[PDB]
Each structure stands twice: as C-alpha cells, then as structure tokens.
Amino acid sequence: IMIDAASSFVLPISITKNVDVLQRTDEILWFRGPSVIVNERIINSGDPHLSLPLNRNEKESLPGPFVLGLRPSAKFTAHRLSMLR
Amino acid sequence: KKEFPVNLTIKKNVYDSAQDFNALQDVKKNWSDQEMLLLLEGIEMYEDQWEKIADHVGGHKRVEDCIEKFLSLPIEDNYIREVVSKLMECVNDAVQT
Amino acid sequence: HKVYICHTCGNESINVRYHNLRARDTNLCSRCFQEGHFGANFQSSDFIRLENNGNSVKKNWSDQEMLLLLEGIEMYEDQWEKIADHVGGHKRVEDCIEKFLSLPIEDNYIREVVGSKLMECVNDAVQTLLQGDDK
Amino acid sequence: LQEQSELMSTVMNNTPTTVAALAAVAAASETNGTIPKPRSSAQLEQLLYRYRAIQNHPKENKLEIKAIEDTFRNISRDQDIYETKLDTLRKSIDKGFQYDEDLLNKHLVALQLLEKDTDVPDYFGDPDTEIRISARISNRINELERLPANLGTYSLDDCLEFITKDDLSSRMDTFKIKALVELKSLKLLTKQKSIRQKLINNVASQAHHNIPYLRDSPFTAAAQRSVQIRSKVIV
Amino acid sequence: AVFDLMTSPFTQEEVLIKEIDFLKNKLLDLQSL
Amino acid sequence: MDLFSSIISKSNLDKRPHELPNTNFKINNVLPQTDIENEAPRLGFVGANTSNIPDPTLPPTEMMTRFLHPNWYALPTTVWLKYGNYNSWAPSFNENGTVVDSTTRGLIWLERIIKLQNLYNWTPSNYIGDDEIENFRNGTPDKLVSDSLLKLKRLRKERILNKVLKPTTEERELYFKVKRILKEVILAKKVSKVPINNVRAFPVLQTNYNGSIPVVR
Amino acid sequence: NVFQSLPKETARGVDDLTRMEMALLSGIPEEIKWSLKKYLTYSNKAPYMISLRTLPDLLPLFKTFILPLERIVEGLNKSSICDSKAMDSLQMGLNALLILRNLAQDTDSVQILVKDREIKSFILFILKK
Ligand SMILES: [Zn+2]
C-alpha cells in the first residue's frame, strides 16, 4: 500500500475563462476521486432520535439537520455581543 | 511554580461513571449535549438563579437535577493552582565571658 | 518563516495546516480537508488543526509546540537540529533541550504515593565578640 | 460468571428469548455466587426491566422471576423510605446558619479533585514502593488509550465566529492535543531519564573544577596537586 | 585525549621523536611494575 | 485516468443556466454521506510507537545506581608499614602524595575505633436513604462533610498502597452521601456566592469520514 | 571572496601556550588558577614542552609566585591564614613549587635552576624551618 501517489492532475489547455468559482492552483486542479459533502461536523450524542433508549412504527419530520448539531441559542450570542463593548 | 496541569475535563469519573460527558462514556435523566450546552450557557449568563436556568435548559430538568449536574463540572486548572529557647543559652554566656 | 506545501496537490497553505498523525510528515490545506481529498486509507480523525503563524514572546510553549516537540522525539531519538526545525525553526536546540528536561511528567505520581539554630547563634555571639576590645 | 454482564450480552446480541439463561438451579444459581442487588444507576436495572418484560411470555420455565420481583419490592421500599426521609430532611433544616464561603470553596475543590482520582493537598529505591508508582502510570496510559479519536471541543467562544453549515471553527482541537501531550509524555519517560543521567553524570562528574568553593578547599587542591606528581628518576 | 596547537623551535617529526623517547620510558616503568 | 473536480461554489439561489468552459466536460451531483459516525479507533491507534524507546513499565527505573559523586572518592593518605617483630627503629610509615598527615590520620583512626414511579426514579444515591442526615441537620451541616472527606482521602491512600483499581463499595456508598449534603444546602440556604468556575468547553464527538481518493497498490 | 583564504592555524584565537604565558603575567586570579593547572598538566604529561632550556623567560614567572611564600612560612607558626585571599596565594605558591619540582628530572631543565642563586636560598630557608 503506497502513500506517495500524485492523485491530482492538470490538463494543458488554459480554459481559465469561466473558472473563478472552482479550486485553482495559482490552472484547474483535477483530482482522482470526487469530493465528500459532510452535513454537520459535530454529532449530538444524546437525543433519543440517536441514543435509542430501551423503554417504550412512528415517523417524525424534524426541522432541518440543525437539531443534530449543537447550535447555541441567540440570547447567549446577544449577551456576548453586549459583553463585546 | 511550574506544575503539570491537572486536566480534569479528560479524566473519567471513578466512583459513579454515569455523570461523565457523553463523549467519554462508550422528565428524563439522559442529559444530551444540547441541554449540556444550554446548561453551561445558562451558568455563564444567569449566575446561579436555578430557575431561569431550569427552563433555559428546556423544562424537562428539575432544579434538583440541575444542581446534581453542576456539582460535577470540572474546575479551571489555573484556579486549582490558585486556591492551593535556644537564643538566651548563648546570650547569657556571652554577657558573662 | 517556513512554507508548508500541501500534500496531494501543489498548493501553499495560508495560515492553517492539517497535520497527519500516521504518515507524520504530511500536511493539508483547509479546502482539501473539507472535501476529503486525502486518500481512502486515512479517516479524517487523524488530522490535527495546526497553525503556521509566528506565536507570541518566547517561553510560552503552546500545546501545538509541545505536541510537535514530542512528535520529533518519537521520530528521531537524537538530532536536536532535526527536532528544533520540526518544532518550527524559531526555537534553538539549547531551549528545546531545556524544555524537554524541565517537564514534570511523573511528579504527580511521586506526590501521590509518597506524601542548626545553635551554631548560628554561636556565630552571632562570636561576631559580637569581634566588635569591642573589652571582651 | 458475570450474570449482570450476561444479561447485557443477551440484550446487545438482540436474542434474549432464544436462550433465557436456562433458569434452573444448575445454571441460574451458579452465576449468582436471590440476585446480587445491581450496582449501577440504571444500566443494570433497565436490563432487569427488559428481562422481566421478555420473560412474561414463558412465565413458568423461569423460576428466578420471584427473586427479581423481591428485589423490585426492595427497590420500591428503599425509594419510599428515601422519599419520606427527604420530606423530613427538608423539614429538619435550621432557619439560620450562614454557611461560610471560603470553606465552601475548599469543599467544592476537594470533592472535585476526589472524584477523578487525583491527589489533594491538605490545607485543613525501595522496589516495593517503586512498582506501586509504575502501576499507576499504566493505569493512565490504558485510560488515555481508550478515548475516541474523533474527540473535539465546543467552547463558549465559537458564538463570536458565526460558523455556517461548513466553516471549520478554529478552536475545535483544544482537547485532543492535550490528550496527546499526556499520552506521549507518559511514553517518553525513559528517554528523559536517559538524558538526565547523561546530564548529571557529566555535571557532577567534574564537581571540582566548576564549583568555586570546592576547588578552593585545602584537601581537594592537595589531592589534585598530589595526583600530578611525576615519578622520580633514579640517577 | 585532548590535542593542542602551539609554537616550538622543533619540527613535527622531532616532537614525535621526543614523544617516542618519553612513552618508551613510561611504558617500561609501568609494565615493569 | 478518469478525473474529477472540486465543488462549485455556486449557491442554491443562483437560478442561472449551466455554463460550461468545455463541451467535453460532464456534470455530476454528489450525494452527501450521512449516518451515525462509524466507531473511530482509539488513541492507541493514533500515535503508537514508531521508535525504539521502551515502555515505562520496564524494570530499569533506577536512575541512580552507580553514581559516586567526587565528594565520596577515596583520598590518598599515609601508608603504615610493618617490618617485623623486632624492628623498632625503622621508618615506620610512608607518605608520598598524601593529603593529611600521620597525626591527623591516626586521630581519625582513633575516633572511629411494586409501584411504578417509585421504581424508575432510582439512583445508588438513595439506596441507603439518609439514616443520619436527619439527625445532623438539626445542628451544623458542615462537620460531617470534612469528617467524610478525610475518610475518602485515607481510603484513597489505602487503595493506592494496595494495587487495587476499582473503588470499594464502602466509599462509593460514602461518596454520594457527601454530594447529597452539598446539594441540600444549595436547595435550602442559598449561600451568598456559590462560586462559578468552569473550563468553558466540554468534549463532544465529531463526524469522521474516509478519504475519497482510492488506494494505490 | 576575501573571507575564503583565512589561515586555518590562527583562526581559533591565540595558541594555548601563549595563553598560559600571558595568563600568569596578568593579575586576574582565576585565570592564574587556570594557567597553573594547565602548566601542571603539561609538566606531568610532557615536560619537554616546558623545558627551561627552550623557553628562557619562564623561570622568573615562577619565581614571582614562589618567592613570596617565604613570608607565609615565616607567619605559619600562628593561625595566619584567615581570609580566602592569602590561602589562594598559598595554593598558587605550592602549585608552582610542584611545577618546578616536576621539571627538575630532566638534566637539561636542571642547570638553569641550579645557576639561579635564589631558588637555593628558598630551599635553604624551608630546610632551616
Ligand atoms: Zn491543497
């Protein structure tokens, strides 16, 4: 199992006309596999949607993925911006 | 004085092993990370009123259980490191000689 | 100031690299780590966010520098030039050795398991005897 | 043979009705040495709950149901006793004590340090005691080497950075570096011992050319002078 | 085992001759006893 | 070689037609992978020994065995000689390169020779009940706390000095009995400070994912 | 370009023999201690380097330490050596006397010591006491 493969490639034709949105070298970088989209980085480790307790067929349409991601409440953020100045 | 830092937040509890954080573990008394963040969030602002915190968590937690949780939060290392007749026997012989 | 060539591409990292802990001599940019361009052998757990900027006034020893020092000692076992550049090159050999020796590592376990005046007064009496001729 | 772990294994293997521990005198009583009154908060009690809730279907092949129900009676009785004692304990409180602050500080710090097994200062050779030190370090190494690698922080100061759906906050790794500085400093111990030996056995090995009050004594100067005497030439 | 540089009226060969003449004598003294 | 690109930073509210700098391009959609994070390895996997150091649980842990400071060296002193039985005029001793005399060395020689809601609400902190705190709540609350923490410290010393790892069932039972009392005063008295000192962080798990570039053999 | 043709033999400072000869000629006492220790080591291990036949301006450099030892021998009948400044002169004098003892087994470093009419006065003084 090797480590030092290249795994990125560049085509010789300068097509740099409509490409300011992609990832440029500074040309266009062309990798050997796709990307990986990760929804939320921090798992919410309790929350019986995920913990599955052993007590007591049901569906639930939760709002967004933001339930599973430890977001702070806004009153603390306003308190901290008041503590800013 | 230089001391190796007592890293309490990493250290797993010995006596109970059920009041740890949810990452170090392998009404309802479950205490998910959202209510834990809301608990530290209410303790930073409200400063021990125990009833604005008790519904800032979200109402499923009694005030007794919020005190039960607050008794097991780790303390800062820089606060642990912050709280923590032979005279006359010659004179009486030197006056004489 | 060094330069950190991002692995798996040719790019330069701006001010934050992502150090790998199993090949131990690679880095990444932020964008190659957000998308997962670091090969299917590694698992995105073994990448620590390290910085590149010059830190504060010396003898502070942030946890990044302590970690890279201990990585160097596990790498080379000698060769304190090759330790001091792996810390970042803004520290001397003569200070990396003075910091690896002044670490309390087992001091806490030592404190766990294991919990005169007469002749000084005589010397004061003689220093009083050497003042006045009358004695 | 850890019946309070055999119930957990039968629960986590999702097949507990297919075996049901073969409750007779030969099997259900061989692991018990009644049931031993479980220790945990609910981790050994919810297993008993599920075990009774699965054993409601056979109801006669398992004779050990009665001792488990006796322990449920014991738990309910102890709970009622504690609720009555908590009702009386909140009535037995004096109207004025005015608990001191700077001893509440010491009791909180002392309890917190006595939770997580660290040494508390008071403020109130010999290879017997060499192994008792080198068996506390293996404790800490085999406790730090069971932390999950995907360990990360969430400080109370990320609210000032406005992290989006994918933004990569810059204080995520303030615990995983600290949980490797300890784990690799407790493996580089017998390297700094070997550097300290080479330091002390080359500073103390001179001891009479650098220290001024030792190379100025009579006897040291006389010994260093007398070792340098060249032998006498006969004729 | 510490060497040195110094000035002398002799060449480097003559210094080695004197070293031979000294170390033969010290060798005989210490092997004799 | 069959390459791929990076993620286009085109927003979800753009609505424009899809332009292409080449007609030999193709476009694809990346489905995000999402589930309970696959159990990450432990820290023993991440950062093991790739060196030749030993474990710190090996029998050489001495650090001072053959030290011999040069305050402890033998100094050259006088050598007393013996000629015979009837030789009492001979030069009796020998002092070539000595530190001290014959007289002082002779002196040094001289001076040495079944309900339902009462069954889900259950801790191990209430199996004992109280049985003493009712009696001691009538007076001061605080003496039992220090008299119990000293017992915890003594039992912890006795566990360190016995090579035992699990705590006993006698101090665990005595632990919660402490934590109860410090709770109740905070329930009752509302002491004027009850100080707040937290590290202002707490450890959470975070998602892991393999790399997308395949392995090369 | 000019910093490439340095002579290799003089780019360490002065050589050690001129260092030892200048260190005694100054008045710095710790550097005198160093110089006498190195003269003693070279007198034991290779005496021909400090042969008095070769280096003629070296015997008064030891006379200036040995000749004030006569006052110390005169005062040595009482507890004269009180501070830590006279004792250092005593130890320097005894060490220089050992250096001249070690150089006197050569038969070419000896005639220069004999023809001096002042070392023999010191020998006669010590023998009379
Ligand atoms: Zn990159």
# chains A, B, ... in the order shown; residues from 1 in each chain; ligands from 1

$ residues_around --residues "residue G:36" --least-positions-apart "3" --cutoff "9 Å" --atoms "only C-alpha atoms" --output "number ranges by chain"
G: 20, 24, 31-33, 39-41, 92, 95-96, 99

$ write_last_selection --atoms "C-alpha atoms" --output "mmCIF file, in the first residue's frame"
data_model
loop_
_atom_site.group_PDB
_atom_site.id
_atom_site.type_symbol
_atom_site.label_atom_id
_atom_site.label_comp_id
_atom_site.auth_asym_id
_atom_site.auth_seq_id
_atom_site.Cartn_x
_atom_site.Cartn_y
_atom_site.Cartn_z
ATOM 1 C CA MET G 20 49.169 30.192 29.608
ATOM 2 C CA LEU G 24 50.147 34.399 34.675
ATOM 3 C CA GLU G 31 42.936 32.912 35.111
ATOM 4 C CA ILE G 32 46.135 32.374 37.116
ATOM 5 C CA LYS G 33 44.470 29.275 38.633
ATOM 6 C CA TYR G 39 51.178 24.130 33.382
ATOM 7 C CA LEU G 40 50.980 21.331 35.948
ATOM 8 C CA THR G 41 49.239 19.003 33.480
ATOM 9 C CA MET G 92 49.381 29.067 43.903
ATOM 10 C CA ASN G 95 51.430 24.524 42.881
ATOM 11 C CA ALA G 96 54.278 26.477 41.251
ATOM 12 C CA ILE G 99 55.798 22.535 38.748
#

$ residues_near_ligand --ligand "ligand 1" --cutoff "12 Å" --atoms "only C-alpha atoms and all ligand atoms" --output "PyMOL selection string"
(chain A and resi 7-8+23-26+29-31) or (chain C and resi 4-14+16-18+26-38) or (chain F and resi 6)

$ write_last_selection --atoms "N, CA and C atoms" --output "CSV table (one decimal), in the first residue's frame"
chain,number,residue,atom,x,y,z
A,7,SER,N,-2.3,11.8,-7.4
A,7,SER,CA,-3.7,12.0,-7.1
A,7,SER,C,-4.2,13.4,-7.3
A,8,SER,N,-3.5,14.2,-8.1
A,8,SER,CA,-4.1,15.4,-8.7
A,8,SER,C,-3.4,15.7,-10.0
A,23,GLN,N,-11.5,25.4,-7.6
A,23,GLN,CA,-10.3,25.4,-6.9
A,23,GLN,C,-9.1,25.5,-7.9
A,24,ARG,N,-8.5,26.6,-7.9
A,24,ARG,CA,-7.4,26.9,-8.9
A,24,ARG,C,-6.0,26.7,-8.1
A,25,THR,N,-5.0,26.3,-8.9
A,25,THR,CA,-3.7,26.1,-8.3
A,25,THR,C,-3.0,27.4,-7.9
A,26,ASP,N,-2.8,28.3,-8.9
A,26,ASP,CA,-2.1,29.5,-8.6
A,26,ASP,C,-0.6,29.4,-8.4
A,29,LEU,N,-7.3,22.3,-10.9
A,29,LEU,CA,-6.9,21.1,-10.3
A,29,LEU,C,-7.9,20.0,-10.5
A,30,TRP,N,-7.5,18.8,-11.0
A,30,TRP,CA,-8.4,17.7,-11.3
A,30,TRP,C,-7.9,16.5,-10.5
A,31,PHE,N,-8.8,16.1,-9.6
A,31,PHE,CA,-8.4,15.0,-8.6
A,31,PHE,C,-8.7,13.7,-9.2
C,4,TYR,N,4.7,25.6,3.8
C,4,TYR,CA,4.1,24.3,4.0
C,4,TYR,C,3.4,23.9,2.7
C,5,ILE,N,4.1,23.1,1.9
C,5,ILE,CA,3.4,22.6,0.7
C,5,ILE,C,2.4,21.6,1.1
C,6,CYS,N,1.1,21.9,0.7
C,6,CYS,CA,0.0,21.0,0.9
C,6,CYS,C,0.2,19.7,0.1
C,7,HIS,N,0.1,18.6,0.8
C,7,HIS,CA,0.1,17.3,0.2
C,7,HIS,C,-1.1,17.1,-0.7
C,8,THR,N,-1.0,16.1,-1.6
C,8,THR,CA,-2.0,15.6,-2.6
C,8,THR,C,-2.3,16.7,-3.7
C,9,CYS,N,-1.8,17.9,-3.5
C,9,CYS,CA,-1.8,18.9,-4.6
C,9,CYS,C,-0.5,19.6,-4.5
C,10,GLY,N,-0.4,20.8,-5.1
C,10,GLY,CA,0.9,21.5,-5.1
C,10,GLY,C,0.7,22.9,-4.3
C,11,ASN,N,-0.5,23.1,-3.7
C,11,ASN,CA,-0.8,24.4,-3.2
C,11,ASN,C,0.0,24.8,-2.0
C,12,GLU,N,0.0,26.1,-1.7
C,12,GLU,CA,0.5,26.6,-0.4
C,12,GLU,C,-0.5,26.8,0.6
C,13,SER,N,-0.3,26.3,1.8
C,13,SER,CA,-1.3,26.6,2.9
C,13,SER,C,-1.1,28.0,3.4
C,14,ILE,N,-2.2,28.6,3.7
C,14,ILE,CA,-2.2,30.0,4.0
C,14,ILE,C,-1.8,30.3,5.4
C,16,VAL,N,-3.2,27.9,8.2
C,16,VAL,CA,-3.7,26.8,9.0
C,16,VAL,C,-3.5,25.5,8.2
C,17,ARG,N,-2.7,24.6,8.7
C,17,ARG,CA,-2.4,23.3,8.1
C,17,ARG,C,-3.1,22.2,8.9
C,18,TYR,N,-3.3,21.0,8.3
C,18,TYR,CA,-3.9,19.9,9.0
C,18,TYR,C,-2.9,18.7,9.0
C,26,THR,N,3.2,14.8,6.5
C,26,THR,CA,2.4,15.4,5.5
C,26,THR,C,1.6,16.5,6.1
C,27,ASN,N,1.0,17.3,5.3
C,27,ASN,CA,0.1,18.4,5.7
C,27,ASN,C,-1.1,18.5,4.7
C,28,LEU,N,-2.0,19.4,5.0
C,28,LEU,CA,-3.1,19.6,4.1
C,28,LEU,C,-3.5,21.1,4.2
C,29,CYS,N,-4.2,21.6,3.2
C,29,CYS,CA,-4.9,22.9,3.2
C,29,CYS,C,-6.2,22.7,3.9
C,30,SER,N,-7.0,23.7,4.1
C,30,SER,CA,-8.3,23.6,4.7
C,30,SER,C,-9.3,23.0,3.6
C,31,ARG,N,-9.2,23.4,2.4
C,31,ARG,CA,-10.1,23.0,1.4
C,31,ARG,C,-10.0,21.6,1.0
C,32,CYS,N,-8.7,21.1,0.9
C,32,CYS,CA,-8.5,19.7,0.7
C,32,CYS,C,-9.0,18.8,1.8
C,33,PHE,N,-9.1,19.3,3.0
C,33,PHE,CA,-9.6,18.6,4.2
C,33,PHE,C,-11.1,18.7,4.3
C,34,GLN,N,-11.8,19.8,3.9
C,34,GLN,CA,-13.2,19.9,4.0
C,34,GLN,C,-13.9,18.9,3.0
C,35,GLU,N,-13.2,18.6,1.9
C,35,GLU,CA,-13.9,17.8,0.9
C,35,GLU,C,-13.4,16.4,0.9
C,36,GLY,N,-12.3,16.1,1.6
C,36,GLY,CA,-11.8,14.7,1.7
C,36,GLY,C,-11.0,14.3,0.5
C,37,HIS,N,-9.9,15.0,0.2
C,37,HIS,CA,-9.0,14.6,-0.9
C,37,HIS,C,-7.8,14.0,-0.4
C,38,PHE,N,-7.8,13.3,0.8
C,38,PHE,CA,-6.6,12.8,1.4
C,38,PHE,C,-6.4,11.3,1.4
F,6,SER,N,-13.4,19.9,-8.2
F,6,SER,CA,-13.8,20.4,-6.9
F,6,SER,C,-15.3,20.8,-6.9

$ atom_distance --atom1 "atom CA of residue D:133" --atom2 "atom CA of residue F:57"
9.7 Å

$ select_by_dssp --residues "chain G" --states "alpha helix (DSSP H)" --output "PyMOL selection string"
chain G and resi 16-25+29-45+59-66+69-75+86-102+111-115+119-128

$ interface_residues --of "chain A" --to "chain F" --cutoff "7 Å" --atoms "only C-alpha atoms" --output "list in words"
residues 1, 2, 15, 18, 21, 22, 23, 29, 30, 31, 32, 33, 34, 35, 36, 37, 38, 41, 42 and 43 of chain A

$ residues_around --residues "residue D:170" --least-positions-apart "2" --cutoff "12 Å" --atoms "only C-alpha atoms" --output "count of residues only"
25

$ closest_residue --among "D:209, D:232, D:184, D:106" --to "chain C" --atoms "only C-alpha atoms"
D:184
